[PDB]
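Only one structure is covered here, and it is reproduced in the block below.
So basically every Cβ, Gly included, is an ideal-geometry build from the backbone, and we count neighbours across all protein chains shown. Since every read-out is calculated from the coordinates, none of them should be taken as a lab result.
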Amino acid sequence: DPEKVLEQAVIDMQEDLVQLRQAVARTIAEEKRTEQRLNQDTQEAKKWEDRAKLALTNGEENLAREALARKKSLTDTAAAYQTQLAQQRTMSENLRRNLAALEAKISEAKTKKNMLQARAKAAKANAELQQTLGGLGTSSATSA
Amino acid sequence: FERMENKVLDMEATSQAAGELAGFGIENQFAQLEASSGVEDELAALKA
């Protein structure tokens, strides 16, 4: 039955769109966690810059250049986490747009099929009434 | 700090997981609330 087949296809699509919601929720957690990483790495870069300011106040250029090398490493690491974040942001929006498109397509497909099924049932019922009404009475009158 | 930063990463993942689904009509409802608040300020100007 095509009605049962299309209902089952729409049910399978509910499982797929729930997996796509899980992929969005995963990607949302990845973007938030990599933001948190680069945010704390840039705060540690400020601490190492302040360690260099203390070293320069004490005249220890050796410690100041080492502390600035820690700052450089941390800001380069935060730029790596910002580059990975850009991949998570575009993936997050791609999965979100794919979910909105999938939900719209399912809703339209189901409602168009439902109205077509109702019209097809009326069309066969009208044709059946033409076949029953079209034959009767004529053979009854001839038999009388 | 290791346990705490793992909870910060859990809060980033939780903030993504809430934010990624939560695109809603409610932003346009807040615009209607600001319009209704504007009508209450016009009624206060009328009272004045």
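If A:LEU38 satisfies all but one of (1) more than 14 Å from every other protein chain (Cβ to nearest Cβ); (2) in contact with a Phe, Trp or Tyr (Cβ under 9 Å, 6 or more places away or on another chain), what's the number of the condition it fails?
Here A:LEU38 meets the rest and fails (1).
Can you tell me which of A:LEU74, A:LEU85 is over 30 Å from A:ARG21 (Cα atoms) and surrounded by 10 or more Cβ atoms within 10 Å (Cβ to Cβ)?
A:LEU74
Answer yes or no as to whether A:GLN8 is at the interface with chain B (Cβ under 10 Å from one of its Cβ atoms), polar (S, T, N, Q) and assigned to a helix (DSSP H, G or I).
Against the criterion (at the interface with chain B (Cβ under 10 Å from one of its Cβ atoms), polar (S, T, N, Q) and assigned to a helix (DSSP H, G or I)), A:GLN8 does not qualify.
Failed condition for A:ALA67, given (1) buried (at least 19 other Cβ atoms within 10 Å of the Cβ); (2) within 32 Å of the chain's Cα centre (by Cα), with all others met?
The one condition A:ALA67 does not meet is (2).
What about A:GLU93, is it of a type outside the set (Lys, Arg), surrounded by 13 or more Cβ atoms within 10 Å (Cβ to Cβ) and in a helix (DSSP H, G or I)?
It is true that A:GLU93 is of a type outside the set (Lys, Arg), surrounded by 13 or more Cβ atoms within 10 Å (Cβ to Cβ) and in a helix (DSSP H, G or I).
Across the range B:11-34, what is the number of residues that are in a helix (DSSP H, G or I) and more than 8 Å from chain A (Cβ to nearest Cβ)? Give the steps one after another, and end with the answer.
Of all residues in the range B:11-34, those in a helix (DSSP H, G or I) come to B:11-21, B:26-34.
Filter once more, keeping what is more than 8 Å from chain A (Cβ to nearest Cβ): B:26-34.
The qualifying residues number 9.
Confirm whether A:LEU85 is closer than 30 Å to B:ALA13 by Cα and part of a helix (DSSP H, G or I).
yes
Given (1) more than 23 Å from A:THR34 (Cα to Cα); (2) within 29 Å of the chain's Cα centre (by Cα), where does A:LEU85 come up short, assuming only one miss?
In the conditions (1) more than 23 Å from A:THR34 (Cα to Cα); (2) within 29 Å of the chain's Cα centre (by Cα), A:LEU85 misses (1) alone.
Has the range A:32-47 got any residue that is within 48 Å of the chain's Cα centre (by Cα) and more than 20 Å from A:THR77 (Cβ to Cβ)? Spell out how you get there, then give the answer.
Of the range A:32-47, the ones within 48 Å of the chain's Cα centre (by Cα) are A:32-47.
Then drop every residue that is not more than 20 Å from A:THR77 (Cβ to Cβ), which leaves none.
Scanning the range A:32-47 turns up no residue that is within 48 Å of the chain's Cα centre (by Cα) and more than 20 Å from A:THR77 (Cβ to Cβ).
Does the range A:16-30 contain any residue that is more than 14 Å from chain B (Cβ to nearest Cβ) and over 27 Å from B:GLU5 (Cβ atoms)?
The answer is yes; a qualifying residue exists.
Any residue at all in the range A:42-50 that is in contact with a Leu (Cβ under 6 Å, 6 or more places away or on another chain), free of Cβ contacts under 8 Å to residues at least 40 places away in the same chain and not small (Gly, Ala, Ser)?
Yes, that holds for at least one residue.
Could you list, in sequence order, the residues of the range A:98-144 that are of a type in the set (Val, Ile, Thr) and surrounded by 10 or more Cβ atoms within 10 Å (Cβ to Cβ)?
Scanning the range A:98-144 gives A:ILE106, A:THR111.
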